[PDB]
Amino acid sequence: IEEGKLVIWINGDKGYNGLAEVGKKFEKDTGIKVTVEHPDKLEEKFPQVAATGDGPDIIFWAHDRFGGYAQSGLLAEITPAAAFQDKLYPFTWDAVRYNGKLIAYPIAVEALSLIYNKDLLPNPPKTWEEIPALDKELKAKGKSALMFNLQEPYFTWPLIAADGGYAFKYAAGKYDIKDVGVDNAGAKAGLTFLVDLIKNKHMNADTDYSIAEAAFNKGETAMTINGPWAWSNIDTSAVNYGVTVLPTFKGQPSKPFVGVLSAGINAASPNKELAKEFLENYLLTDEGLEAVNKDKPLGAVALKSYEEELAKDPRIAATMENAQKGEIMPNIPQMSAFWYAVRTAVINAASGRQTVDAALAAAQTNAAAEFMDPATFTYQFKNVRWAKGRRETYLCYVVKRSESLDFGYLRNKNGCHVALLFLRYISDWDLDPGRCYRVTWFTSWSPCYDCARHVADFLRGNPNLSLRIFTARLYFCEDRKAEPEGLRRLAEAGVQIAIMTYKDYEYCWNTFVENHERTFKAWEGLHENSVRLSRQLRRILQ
(Lines of atoms letter the chains of each structure in order from A and count residues from 1; the text may use other names and numbers.)
(Lines give C-alpha, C1' and ligand atoms only; values in the text may rest on other atoms or scores of the structure.)
Protein backbone atom coordinates (compact mmCIF):
# COMPACT_ATOMS: atom_id res chain seq x y z
CA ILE A 1 0.00 0.00 0.00
CA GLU A 2 1.48 3.29 -1.16
CA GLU A 3 2.41 6.54 0.58
CA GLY A 4 1.16 9.88 -0.70
CA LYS A 5 -1.75 8.10 -2.42
CA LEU A 6 -5.28 7.62 -1.09
CA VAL A 7 -7.37 4.61 -2.16
CA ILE A 8 -11.08 4.80 -1.30
CA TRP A 9 -13.58 1.94 -1.34
CA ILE A 10 -17.31 2.65 -1.73
CA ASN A 11 -20.21 0.39 -2.66
CA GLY A 12 -21.72 0.49 -6.13
CA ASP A 13 -25.12 1.87 -5.11
CA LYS A 14 -23.51 4.95 -3.52
CA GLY A 15 -22.36 7.79 -5.77
CA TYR A 16 -18.67 7.28 -6.49
CA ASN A 17 -18.36 9.81 -9.32
CA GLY A 18 -18.99 12.79 -7.05
CA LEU A 19 -16.57 11.39 -4.47
CA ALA A 20 -14.05 10.94 -7.29
CA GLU A 21 -14.51 14.61 -8.21
CA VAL A 22 -13.92 15.50 -4.55
CA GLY A 23 -10.68 13.52 -4.78
CA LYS A 24 -9.81 15.47 -7.92
CA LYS A 25 -10.25 18.69 -5.94
CA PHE A 26 -8.03 17.27 -3.17
CA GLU A 27 -5.38 16.38 -5.76
CA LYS A 28 -5.72 19.84 -7.30
CA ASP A 29 -5.10 21.61 -3.99
CA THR A 30 -2.59 19.28 -2.32
CA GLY A 31 -0.93 17.17 -5.02
CA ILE A 32 -1.92 13.90 -3.34
CA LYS A 33 -3.75 11.82 -5.95
CA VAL A 34 -6.97 10.14 -4.80
CA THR A 35 -8.45 7.10 -6.57
CA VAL A 36 -11.93 5.81 -5.70
CA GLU A 37 -12.96 2.22 -6.46
CA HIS A 38 -16.32 0.43 -6.27
CA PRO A 39 -15.45 -3.30 -6.20
CA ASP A 40 -17.93 -6.13 -5.66
CA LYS A 41 -18.40 -7.60 -2.18
CA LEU A 42 -16.00 -5.02 -0.76
CA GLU A 43 -17.66 -5.62 2.61
CA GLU A 44 -16.30 -9.16 2.17
CA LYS A 45 -13.13 -8.25 0.27
CA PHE A 46 -11.88 -5.61 2.72
CA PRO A 47 -11.21 -7.82 5.80
CA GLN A 48 -9.08 -10.29 3.84
CA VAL A 49 -6.97 -7.70 2.00
CA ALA A 50 -6.64 -5.65 5.20
CA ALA A 51 -5.45 -8.63 7.26
CA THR A 52 -2.41 -8.76 4.95
CA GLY A 53 -1.44 -5.10 5.36
CA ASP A 54 -3.03 -4.15 2.03
CA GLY A 55 -6.29 -2.79 0.66
CA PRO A 56 -7.80 0.69 0.66
CA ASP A 57 -6.90 3.68 2.77
CA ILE A 58 -10.56 4.55 3.47
CA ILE A 59 -13.62 2.28 3.51
CA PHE A 60 -17.23 3.48 3.24
CA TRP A 61 -19.91 1.17 4.64
CA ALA A 62 -22.78 0.95 7.11
CA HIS A 63 -21.55 1.30 10.68
CA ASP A 64 -22.69 -2.13 11.89
CA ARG A 65 -20.05 -3.99 9.86
CA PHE A 66 -17.42 -1.57 11.18
CA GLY A 67 -17.76 -3.16 14.61
CA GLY A 68 -16.66 -6.50 13.21
CA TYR A 69 -13.89 -4.65 11.39
CA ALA A 70 -12.88 -2.98 14.67
CA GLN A 71 -12.68 -6.25 16.62
CA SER A 72 -10.14 -7.49 14.05
CA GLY A 73 -8.00 -4.37 14.56
CA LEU A 74 -8.43 -3.38 10.91
CA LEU A 75 -9.57 0.18 11.74
CA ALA A 76 -7.37 2.93 13.11
CA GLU A 77 -8.59 4.94 16.08
CA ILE A 78 -9.46 8.55 15.33
CA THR A 79 -9.45 11.45 17.80
CA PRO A 80 -11.14 14.37 16.03
CA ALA A 81 -11.22 17.65 17.92
CA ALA A 82 -14.46 18.40 19.76
CA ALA A 83 -14.66 21.50 17.55
CA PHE A 84 -15.06 19.06 14.65
CA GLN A 85 -17.28 16.64 16.57
CA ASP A 86 -19.68 19.56 17.01
CA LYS A 87 -20.00 19.78 13.21
CA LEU A 88 -21.98 16.51 13.03
CA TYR A 89 -25.06 15.43 14.95
CA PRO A 90 -24.04 13.94 18.32
CA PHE A 91 -25.91 10.63 18.01
CA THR A 92 -24.09 9.89 14.74
CA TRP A 93 -20.78 9.78 16.63
CA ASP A 94 -22.20 6.96 18.77
CA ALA A 95 -22.61 4.71 15.72
CA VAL A 96 -18.87 5.00 14.96
CA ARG A 97 -17.90 4.23 18.58
CA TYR A 98 -16.64 0.72 19.34
CA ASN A 99 -15.27 -0.50 22.69
CA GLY A 100 -15.00 3.12 23.85
CA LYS A 101 -13.09 4.72 20.97
CA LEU A 102 -14.02 6.25 17.62
CA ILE A 103 -13.23 4.08 14.60
CA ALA A 104 -14.85 5.96 11.69
CA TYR A 105 -16.40 9.24 10.53
CA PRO A 106 -20.20 9.48 10.28
CA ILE A 107 -21.32 10.34 6.76
CA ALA A 108 -24.94 9.43 6.03
CA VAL A 109 -28.06 8.34 7.91
CA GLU A 110 -30.80 5.81 7.09
CA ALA A 111 -33.92 4.78 9.02
CA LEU A 112 -37.48 3.59 8.50
CA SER A 113 -40.20 6.15 7.86
CA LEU A 114 -43.94 6.31 7.20
CA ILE A 115 -44.89 6.48 3.51
CA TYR A 116 -48.51 7.48 2.89
CA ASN A 117 -50.67 8.08 -0.18
CA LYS A 118 -51.47 11.79 -0.36
CA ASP A 119 -54.56 11.17 -2.51
CA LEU A 120 -56.03 8.46 -0.27
CA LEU A 121 -54.73 10.11 2.93
CA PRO A 122 -54.32 13.91 2.92
CA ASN A 123 -53.65 13.87 6.69
CA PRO A 124 -51.73 10.81 7.91
CA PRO A 125 -52.34 9.51 11.43
CA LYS A 126 -49.87 10.41 14.16
CA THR A 127 -50.66 7.38 16.35
CA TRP A 128 -50.88 3.62 15.88
CA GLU A 129 -54.11 3.72 17.91
CA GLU A 130 -55.86 5.41 14.96
CA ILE A 131 -54.86 2.66 12.51
CA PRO A 132 -57.71 0.11 13.01
CA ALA A 133 -60.48 2.72 12.75
CA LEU A 134 -58.93 4.23 9.61
CA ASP A 135 -58.58 0.77 8.08
CA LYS A 136 -62.28 0.04 8.57
CA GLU A 137 -63.10 3.25 6.72
CA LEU A 138 -60.76 2.28 3.88
CA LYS A 139 -61.73 -1.40 3.78
CA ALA A 140 -65.07 -0.15 2.37
CA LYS A 141 -63.36 1.42 -0.67
CA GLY A 142 -61.47 -1.82 -1.32
CA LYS A 143 -58.29 -0.46 0.27
CA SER A 144 -55.97 -1.31 3.15
CA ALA A 145 -54.69 1.34 5.54
CA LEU A 146 -51.23 -0.08 6.26
CA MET A 147 -49.09 -2.90 4.85
CA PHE A 148 -45.37 -3.46 5.42
CA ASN A 149 -42.78 -6.24 5.69
CA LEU A 150 -44.12 -8.00 8.78
CA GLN A 151 -41.81 -10.99 8.23
CA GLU A 152 -38.46 -9.32 8.95
CA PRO A 153 -37.89 -7.86 12.45
CA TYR A 154 -36.22 -4.68 11.19
CA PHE A 155 -39.67 -3.45 10.09
CA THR A 156 -41.86 -4.63 12.98
CA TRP A 157 -39.33 -3.67 15.66
CA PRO A 158 -40.09 0.12 15.81
CA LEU A 159 -43.60 -0.49 17.17
CA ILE A 160 -42.26 -3.05 19.66
CA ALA A 161 -39.47 -0.78 20.95
CA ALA A 162 -41.74 2.29 21.00
CA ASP A 163 -42.62 1.30 24.58
CA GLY A 164 -39.69 0.24 26.78
CA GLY A 165 -38.23 -2.06 24.11
CA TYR A 166 -34.57 -2.39 23.18
CA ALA A 167 -31.97 -4.91 22.03
CA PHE A 168 -29.09 -4.22 24.43
CA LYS A 169 -28.71 -1.32 26.86
CA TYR A 170 -25.97 1.13 26.09
CA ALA A 171 -23.84 2.76 28.66
CA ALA A 172 -21.22 4.85 26.88
CA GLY A 173 -19.75 3.24 23.78
CA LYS A 174 -20.61 -0.03 25.42
CA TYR A 175 -23.31 -2.63 24.95
CA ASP A 176 -24.35 -5.15 27.61
CA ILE A 177 -24.78 -8.53 25.92
CA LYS A 178 -26.22 -9.88 29.19
CA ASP A 179 -29.25 -7.53 29.14
CA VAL A 180 -31.92 -7.82 26.43
CA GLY A 181 -35.18 -5.88 26.57
CA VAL A 182 -36.95 -8.29 24.22
CA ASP A 183 -39.14 -9.43 27.11
CA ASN A 184 -40.69 -6.31 28.64
CA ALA A 185 -44.07 -4.80 29.45
CA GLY A 186 -43.85 -2.31 26.58
CA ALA A 187 -42.35 -4.78 24.12
CA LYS A 188 -45.30 -7.09 24.80
CA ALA A 189 -47.56 -4.04 24.42
CA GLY A 190 -46.30 -3.27 20.91
CA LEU A 191 -46.21 -6.91 19.82
CA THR A 192 -49.73 -7.54 21.14
CA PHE A 193 -50.89 -4.41 19.31
CA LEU A 194 -49.41 -5.85 16.11
CA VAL A 195 -51.21 -9.14 16.84
CA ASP A 196 -54.44 -7.22 17.44
CA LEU A 197 -53.95 -5.70 13.99
CA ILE A 198 -53.42 -9.07 12.30
CA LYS A 199 -56.28 -10.85 14.13
CA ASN A 200 -58.81 -8.33 12.77
CA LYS A 201 -57.03 -8.77 9.41
CA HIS A 202 -56.07 -5.13 9.08
CA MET A 203 -52.83 -6.86 8.01
CA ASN A 204 -52.95 -10.42 6.68
CA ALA A 205 -49.73 -11.24 8.62
CA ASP A 206 -48.44 -13.02 5.50
CA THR A 207 -47.26 -9.66 4.15
CA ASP A 208 -43.66 -9.58 2.91
CA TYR A 209 -41.59 -6.75 1.46
CA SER A 210 -42.65 -7.29 -2.16
CA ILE A 211 -46.34 -7.82 -1.32
CA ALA A 212 -46.39 -4.49 0.52
CA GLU A 213 -44.40 -2.71 -2.20
CA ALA A 214 -46.68 -4.01 -4.95
CA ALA A 215 -49.67 -3.18 -2.74
CA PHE A 216 -48.65 0.41 -2.02
CA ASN A 217 -47.21 1.19 -5.46
CA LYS A 218 -50.35 0.02 -7.29
CA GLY A 219 -52.64 2.16 -5.11
CA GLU A 220 -54.04 -0.63 -2.94
CA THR A 221 -52.64 0.31 0.49
CA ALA A 222 -52.68 3.87 1.81
CA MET A 223 -49.59 3.56 4.04
CA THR A 224 -46.43 1.46 4.19
CA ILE A 225 -43.40 1.53 6.50
CA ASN A 226 -40.20 1.74 4.47
CA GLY A 227 -36.91 3.52 3.98
CA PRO A 228 -35.33 5.73 1.32
CA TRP A 229 -33.98 2.71 -0.59
CA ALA A 230 -37.39 2.14 -2.19
CA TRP A 231 -38.26 5.80 -2.87
CA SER A 232 -37.12 5.60 -6.50
CA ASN A 233 -39.70 2.90 -7.25
CA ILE A 234 -42.56 4.97 -5.82
CA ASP A 235 -41.32 7.88 -7.95
CA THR A 236 -41.87 5.90 -11.16
CA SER A 237 -45.20 4.40 -10.05
CA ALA A 238 -46.67 7.91 -10.62
CA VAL A 239 -48.22 7.58 -7.14
CA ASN A 240 -48.59 10.85 -5.25
CA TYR A 241 -47.16 10.11 -1.80
CA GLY A 242 -45.35 11.54 1.20
CA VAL A 243 -42.88 10.58 3.90
CA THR A 244 -43.47 11.46 7.54
CA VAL A 245 -42.89 10.47 11.16
CA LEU A 246 -43.61 6.91 12.16
CA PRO A 247 -46.73 6.90 14.38
CA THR A 248 -46.45 6.94 18.16
CA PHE A 249 -47.57 4.06 20.40
CA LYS A 250 -48.70 4.95 23.93
CA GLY A 251 -47.72 8.52 23.03
CA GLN A 252 -44.05 7.49 22.72
CA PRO A 253 -42.22 7.74 19.39
CA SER A 254 -41.46 4.44 17.70
CA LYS A 255 -37.76 3.59 17.43
CA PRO A 256 -36.51 2.31 14.06
CA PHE A 257 -32.98 0.98 13.66
CA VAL A 258 -30.67 3.71 12.37
CA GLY A 259 -27.90 2.76 9.94
CA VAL A 260 -25.00 5.17 9.52
CA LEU A 261 -23.00 5.15 6.31
CA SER A 262 -19.49 5.75 7.60
CA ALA A 263 -15.94 6.33 6.36
CA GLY A 264 -13.32 4.38 8.29
CA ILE A 265 -9.52 4.45 8.08
CA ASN A 266 -7.53 1.29 7.42
CA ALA A 267 -5.26 0.62 10.40
CA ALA A 268 -2.55 -0.68 8.04
CA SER A 269 -2.44 2.59 6.07
CA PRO A 270 0.54 4.95 6.34
CA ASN A 271 -1.77 7.73 5.07
CA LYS A 272 -3.91 7.99 8.22
CA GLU A 273 -3.28 11.73 8.53
CA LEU A 274 -3.82 12.33 4.81
CA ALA A 275 -7.10 10.45 5.19
CA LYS A 276 -8.17 12.53 8.20
CA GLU A 277 -7.36 15.73 6.30
CA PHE A 278 -9.32 14.64 3.22
CA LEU A 279 -12.33 13.47 5.23
CA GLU A 280 -12.46 16.41 7.64
CA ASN A 281 -11.73 19.20 5.15
CA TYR A 282 -13.00 17.98 1.78
CA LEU A 283 -15.59 15.22 2.17
CA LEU A 284 -17.37 16.40 5.33
CA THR A 285 -18.27 19.82 3.96
CA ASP A 286 -21.33 21.32 2.32
CA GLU A 287 -19.42 21.22 -0.97
CA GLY A 288 -18.11 17.67 -0.57
CA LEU A 289 -21.34 16.05 0.59
CA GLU A 290 -23.24 18.07 -2.02
CA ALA A 291 -20.85 16.96 -4.76
CA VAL A 292 -21.40 13.36 -3.64
CA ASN A 293 -25.15 13.95 -3.37
CA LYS A 294 -25.68 15.26 -6.92
CA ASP A 295 -24.39 11.94 -8.27
CA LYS A 296 -26.41 9.62 -6.02
CA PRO A 297 -28.46 10.58 -2.94
CA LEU A 298 -27.14 10.10 0.59
CA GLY A 299 -30.50 10.42 2.31
CA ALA A 300 -29.95 12.41 5.46
CA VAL A 301 -26.39 13.42 6.32
CA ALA A 302 -24.58 13.75 9.63
CA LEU A 303 -23.21 17.20 8.78
CA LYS A 304 -25.52 19.70 10.48
CA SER A 305 -25.36 22.54 7.94
CA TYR A 306 -25.86 20.41 4.84
CA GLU A 307 -28.58 18.42 6.62
CA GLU A 308 -30.34 21.74 7.20
CA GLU A 309 -29.99 22.45 3.49
CA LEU A 310 -31.45 19.02 2.65
CA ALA A 311 -34.29 19.21 5.19
CA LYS A 312 -36.04 21.52 2.70
CA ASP A 313 -37.01 18.13 1.24
CA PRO A 314 -39.76 16.95 3.64
CA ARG A 315 -38.84 13.31 2.97
CA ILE A 316 -35.23 13.64 4.15
CA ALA A 317 -36.46 15.68 7.12
CA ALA A 318 -38.75 12.80 8.07
CA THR A 319 -35.82 10.40 7.73
CA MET A 320 -33.69 12.45 10.13
CA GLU A 321 -36.56 12.90 12.60
CA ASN A 322 -37.34 9.17 12.78
CA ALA A 323 -33.59 8.54 13.03
CA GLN A 324 -33.23 10.84 16.05
CA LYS A 325 -36.29 9.30 17.70
CA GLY A 326 -34.93 5.81 16.99
CA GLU A 327 -31.89 3.92 18.24
CA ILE A 328 -28.52 3.15 16.69
CA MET A 329 -28.36 -0.36 15.25
CA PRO A 330 -25.71 -2.11 17.40
CA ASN A 331 -22.45 -3.19 15.77
CA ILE A 332 -21.55 -6.08 18.11
CA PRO A 333 -21.65 -9.77 17.05
CA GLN A 334 -24.49 -10.91 19.34
CA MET A 335 -26.89 -8.79 17.25
CA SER A 336 -26.98 -11.70 14.79
CA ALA A 337 -28.37 -14.02 17.47
CA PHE A 338 -30.79 -11.17 18.17
CA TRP A 339 -32.26 -10.95 14.67
CA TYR A 340 -32.81 -14.70 14.34
CA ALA A 341 -34.25 -15.02 17.85
CA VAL A 342 -36.68 -12.21 17.01
CA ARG A 343 -37.32 -13.19 13.38
CA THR A 344 -39.02 -16.38 14.56
CA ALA A 345 -40.55 -14.96 17.74
CA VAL A 346 -42.77 -12.51 15.87
CA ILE A 347 -43.73 -15.06 13.19
CA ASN A 348 -44.83 -17.61 15.79
CA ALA A 349 -46.76 -14.82 17.50
CA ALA A 350 -48.11 -13.67 14.12
CA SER A 351 -49.65 -16.93 12.87
CA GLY A 352 -51.02 -17.67 16.34
CA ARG A 353 -49.05 -20.92 16.74
CA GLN A 354 -47.49 -19.55 19.94
CA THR A 355 -48.72 -17.10 22.56
CA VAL A 356 -47.11 -13.68 22.91
CA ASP A 357 -45.35 -14.03 26.27
CA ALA A 358 -43.99 -17.44 25.26
CA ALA A 359 -42.56 -16.11 21.98
CA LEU A 360 -41.00 -13.07 23.66
CA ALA A 361 -39.67 -14.96 26.69
CA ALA A 362 -38.15 -17.59 24.40
CA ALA A 363 -36.77 -14.79 22.23
CA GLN A 364 -35.14 -12.97 25.15
CA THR A 365 -33.62 -16.08 26.72
CA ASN A 366 -32.47 -17.22 23.26
CA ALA A 367 -30.59 -14.06 22.26
CA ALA A 368 -28.97 -13.22 25.59
CA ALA A 369 -25.75 -13.86 27.47
CA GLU A 370 -25.25 -16.31 30.27
CA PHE A 371 -21.81 -16.99 31.31
CA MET A 372 -20.21 -19.70 33.30
CA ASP A 373 -18.47 -19.22 36.60
CA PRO A 374 -14.64 -19.14 36.38
CA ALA A 375 -14.16 -21.50 39.33
CA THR A 376 -16.84 -23.77 37.84
CA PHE A 377 -15.13 -23.83 34.44
CA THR A 378 -11.64 -24.40 35.87
CA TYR A 379 -12.95 -27.18 38.11
CA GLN A 380 -15.08 -28.97 35.52
CA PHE A 381 -12.80 -28.79 32.46
CA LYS A 382 -9.45 -29.82 34.00
CA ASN A 383 -7.89 -32.57 31.87
CA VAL A 384 -5.50 -34.37 34.20
CA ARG A 385 -5.38 -37.71 35.77
CA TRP A 386 -7.32 -38.15 38.97
CA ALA A 387 -10.10 -36.40 37.05
CA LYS A 388 -12.27 -39.55 37.00
CA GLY A 389 -13.80 -38.42 40.30
CA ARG A 390 -15.82 -35.71 38.55
CA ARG A 391 -19.53 -36.41 38.14
CA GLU A 392 -21.20 -33.44 36.45
CA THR A 393 -20.52 -32.87 32.76
CA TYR A 394 -20.61 -29.36 31.32
CA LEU A 395 -21.18 -28.56 27.64
CA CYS A 396 -20.46 -25.22 25.97
CA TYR A 397 -22.15 -24.90 22.58
CA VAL A 398 -22.00 -22.67 19.51
CA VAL A 399 -24.62 -22.77 16.74
CA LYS A 400 -23.58 -21.27 13.40
CA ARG A 401 -24.28 -21.76 9.69
CA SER A 402 -21.23 -17.86 8.59
CA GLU A 403 -23.67 -16.45 11.14
CA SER A 404 -22.75 -17.28 14.74
CA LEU A 405 -26.17 -17.85 16.32
CA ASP A 406 -26.87 -18.66 19.97
CA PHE A 407 -24.08 -19.75 22.30
CA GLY A 408 -24.05 -20.82 25.92
CA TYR A 409 -23.51 -23.77 28.22
CA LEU A 410 -25.44 -26.67 29.74
CA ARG A 411 -24.75 -28.93 32.72
CA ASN A 412 -26.02 -32.23 34.13
CA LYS A 413 -29.55 -32.51 35.50
CA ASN A 414 -31.55 -35.47 36.90
CA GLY A 415 -30.04 -38.40 35.01
CA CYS A 416 -30.14 -36.55 31.69
CA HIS A 417 -26.61 -36.31 30.35
CA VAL A 418 -25.70 -33.03 28.67
CA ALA A 419 -25.79 -34.38 25.12
CA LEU A 420 -29.44 -35.36 25.51
CA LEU A 421 -30.30 -31.99 27.06
CA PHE A 422 -28.73 -30.31 24.03
CA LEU A 423 -30.76 -32.60 21.77
CA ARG A 424 -33.90 -31.41 23.57
CA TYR A 425 -32.70 -27.79 23.37
CA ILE A 426 -31.97 -27.91 19.63
CA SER A 427 -35.21 -29.86 19.09
CA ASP A 428 -37.44 -27.38 20.93
CA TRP A 429 -35.60 -24.81 18.83
CA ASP A 430 -37.11 -25.07 15.37
CA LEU A 431 -35.10 -25.86 12.25
CA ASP A 432 -35.32 -24.91 8.59
CA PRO A 433 -33.99 -28.09 6.92
CA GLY A 434 -33.07 -26.32 3.70
CA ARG A 435 -29.89 -24.84 5.16
CA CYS A 436 -27.12 -26.68 6.98
CA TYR A 437 -26.09 -25.68 10.49
CA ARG A 438 -22.61 -26.14 11.98
CA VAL A 439 -22.75 -27.00 15.69
CA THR A 440 -19.67 -26.98 17.93
CA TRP A 441 -19.39 -28.72 21.31
CA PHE A 442 -17.02 -28.26 24.24
CA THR A 443 -17.57 -31.04 26.79
CA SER A 444 -16.02 -31.96 30.13
CA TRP A 445 -16.49 -35.66 29.36
CA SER A 446 -16.72 -37.30 25.96
CA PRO A 447 -20.03 -38.96 25.00
CA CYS A 448 -20.75 -42.36 26.54
CA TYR A 449 -22.34 -45.22 24.58
CA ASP A 450 -25.97 -44.21 25.16
CA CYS A 451 -25.14 -40.59 24.32
CA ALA A 452 -23.10 -41.65 21.29
CA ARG A 453 -26.01 -43.73 19.99
CA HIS A 454 -28.71 -41.12 20.67
CA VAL A 455 -26.58 -38.32 19.22
CA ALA A 456 -25.53 -40.33 16.16
CA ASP A 457 -29.18 -41.20 15.52
CA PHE A 458 -30.19 -37.54 15.87
CA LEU A 459 -27.48 -36.81 13.30
CA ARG A 460 -28.86 -39.45 10.94
CA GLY A 461 -32.31 -37.86 11.21
CA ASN A 462 -31.24 -34.25 10.73
CA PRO A 463 -28.59 -34.51 7.99
CA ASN A 464 -28.42 -30.71 7.68
CA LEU A 465 -26.67 -30.48 11.06
CA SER A 466 -22.90 -31.01 11.13
CA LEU A 467 -21.40 -31.47 14.59
CA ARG A 468 -17.86 -31.23 15.93
CA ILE A 469 -17.03 -32.21 19.51
CA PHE A 470 -14.06 -30.94 21.52
CA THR A 471 -13.79 -32.91 24.78
CA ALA A 472 -11.48 -32.24 27.72
CA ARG A 473 -11.36 -35.85 28.95
CA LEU A 474 -12.21 -39.26 27.53
CA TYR A 475 -14.89 -41.03 29.57
CA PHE A 476 -15.00 -44.78 30.08
CA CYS A 477 -17.20 -46.98 32.25
CA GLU A 478 -16.27 -50.63 32.01
CA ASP A 479 -12.98 -49.56 30.43
CA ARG A 480 -11.84 -50.38 26.89
CA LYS A 481 -14.86 -51.90 25.15
CA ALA A 482 -18.03 -49.79 25.37
CA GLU A 483 -17.03 -46.15 24.83
CA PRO A 484 -14.34 -46.61 22.11
CA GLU A 485 -16.96 -48.30 19.94
CA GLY A 486 -19.43 -45.52 20.72
CA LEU A 487 -16.93 -42.83 19.76
CA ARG A 488 -16.23 -44.80 16.58
CA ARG A 489 -19.99 -44.84 15.94
CA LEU A 490 -20.09 -41.05 16.20
CA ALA A 491 -17.05 -41.06 13.90
CA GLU A 492 -19.03 -43.10 11.37
CA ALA A 493 -21.80 -40.49 11.55
CA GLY A 494 -19.23 -37.87 10.55
CA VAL A 495 -18.70 -36.16 13.91
CA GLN A 496 -15.30 -34.47 14.15
CA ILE A 497 -13.96 -35.64 17.52
CA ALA A 498 -10.93 -33.78 18.85
CA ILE A 499 -9.51 -33.39 22.35
CA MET A 500 -9.16 -29.82 23.58
CA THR A 501 -5.69 -28.39 23.02
CA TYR A 502 -4.47 -25.15 24.61
CA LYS A 503 -5.98 -22.87 21.95
CA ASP A 504 -9.34 -24.53 22.62
CA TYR A 505 -9.04 -23.68 26.31
CA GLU A 506 -8.28 -20.08 25.33
CA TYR A 507 -11.34 -20.02 23.07
CA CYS A 508 -13.57 -21.39 25.82
CA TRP A 509 -12.05 -19.06 28.42
CA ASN A 510 -12.75 -15.94 26.34
CA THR A 511 -16.03 -17.17 24.80
CA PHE A 512 -18.13 -18.91 27.48
CA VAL A 513 -16.81 -17.90 30.84
CA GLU A 514 -17.19 -14.76 32.84
CA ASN A 515 -13.66 -14.08 33.24
CA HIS A 516 -13.58 -10.56 34.42
CA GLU A 517 -11.12 -9.47 31.80
CA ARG A 518 -8.76 -12.03 33.36
CA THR A 519 -6.23 -13.83 31.17
CA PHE A 520 -6.53 -17.60 30.98
CA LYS A 521 -4.25 -19.48 33.38
CA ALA A 522 -3.18 -22.96 32.31
CA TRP A 523 -2.59 -25.43 35.12
CA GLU A 524 0.34 -27.83 35.40
CA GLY A 525 0.33 -30.76 32.99
CA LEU A 526 -2.30 -29.39 30.60
CA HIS A 527 -0.30 -29.94 27.40
CA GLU A 528 1.16 -33.28 28.52
CA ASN A 529 -2.27 -34.67 29.40
CA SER A 530 -3.62 -33.17 26.17
CA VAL A 531 -1.20 -34.97 23.86
CA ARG A 532 -1.73 -37.91 26.01
CA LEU A 533 -5.41 -38.09 25.65
CA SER A 534 -5.16 -37.20 21.93
CA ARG A 535 -2.82 -40.18 21.56
CA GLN A 536 -5.39 -42.44 23.22
CA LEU A 537 -8.08 -41.01 20.92
CA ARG A 538 -6.06 -41.54 17.74
CA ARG A 539 -5.61 -45.07 19.08
CA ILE A 540 -9.39 -45.41 19.52
CA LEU A 541 -10.81 -44.06 16.26
CA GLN A 542 -8.05 -45.22 13.92
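Numbers for residues come from their place in the sequence shown, where the first is 1.
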* **Between neighbours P297 and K296, residues that the deposited sequence lists but the model omits** => none
* 428 to 436 or 251 to 259, whichever carries the higher mean Cα B-factor -> 428 to 436
* Structure fact -> Assert higher mean C-alpha B factor (284 to 292 or 384 to 392, deposited values) equals 384 to 392
* Between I499, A50, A62, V513, which one tops the list for C-alpha B-factor in the PDB entry? -> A50
* Name the residue from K276, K201, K325, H454 with the greatest C-alpha temperature factor listed in the entry. => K201
* Asked: Ranked by Cα temperature factor within the chain, is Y475 in the lowest third, the middle third or the highest third?
  -> middle
* Structure fact -> Temperature factor at the Cα of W445, chain-ranked in thirds, falls in the middle
* Relative to the other modelled residues in the chain, which third contains the C-alpha temperature factor of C508: lowest, middle or highest? -> lowest
* If you rank the chain by CA B-factor, which third does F193 end up in: lowest, middle or highest? -> middle
* Asked: Thinking about Cα B factors across the chain, which third does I469 belong to?
  -> lowest
